[PDB]
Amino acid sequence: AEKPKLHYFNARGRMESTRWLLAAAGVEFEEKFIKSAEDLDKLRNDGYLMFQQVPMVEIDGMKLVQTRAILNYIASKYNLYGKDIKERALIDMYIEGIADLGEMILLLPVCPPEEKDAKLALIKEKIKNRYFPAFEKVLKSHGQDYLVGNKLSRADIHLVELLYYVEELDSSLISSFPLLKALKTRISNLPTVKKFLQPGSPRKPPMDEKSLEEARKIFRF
């Protein structure tokens, strides 16, 4: 057999949620880091990127691009996408809300400076008034340890990943949400996730100015 190969640059960006999901599932993977525009052009010219973009993951004979296509395949393959169509609908609704908030946070480094204060404030307001109340309500509704089906799913993984990013922005935002705090602790203690959180794993740090400059050179923006 062959390990999945993750093509991206050496940063969180749009590949980090896949790193989290594979690690949580206990699946070993390799990474091939793009370090220059030439490296990206070589993937393009070799025919490996359907829309000439990364993330790309080589898995099970496919060269899959598009974050959501990659994640959906991995979640189904490793039994992290619920047990039927209705559970998948709940999972999809939850994770698309997570993705909407995650996208706002992802794009902060490219926000025009004159708009950044207001953008950050609006994100914090949405966390406190829209997203954290919605997920706290799910957990309170059923009283169970996981978001869907009383069993670990991708929704728990994606949410807990997001909770780490929210903590980096403002550690007080989760303070009024005890069920979210408890979920963060439980998921972080699962053996595979605990290992991924320790040093030396593929988990990536927050993007710094040097990494942003590298992204500008690689992706030509």
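Position 1 is the first residue in the sequence shown; the rest follow in order. Take the two forms, find the largest set of C-alpha atoms that superpose within 1.5 Å, and that set is the rigid core.
When the other structures are laid on the shown form by the core, the C-alphas of 203-211 and 18-26 differ in how far they drift in 5 other deposited structures of this protein; the larger average drift belongs to 203-211. Higher mean CA temperature factor, per the PDB entry, when comparing 67-75 with 124-132: 124-132. Higher mean CA B-factor, judged across 185-193 and 31-39 from the recorded values: 31-39. Among all modelled residues in its chain, residue 201 ranks in the middle third by Cα B-factor.
For residue 115, the recorded CA B-factor ranks within the highest third of the chain. Only modelled residues enter the ranking. The deposited CA B-factor of residue 10 belongs to the middle third of values across its chain. Ranked against the other modelled residues of its chain, the C-alpha B-factor of residue 85 as given in the entry falls in the highest third.
When the CA B factors of the chain's modelled residues are split into thirds, the value for residue 153 lands in the lowest one.
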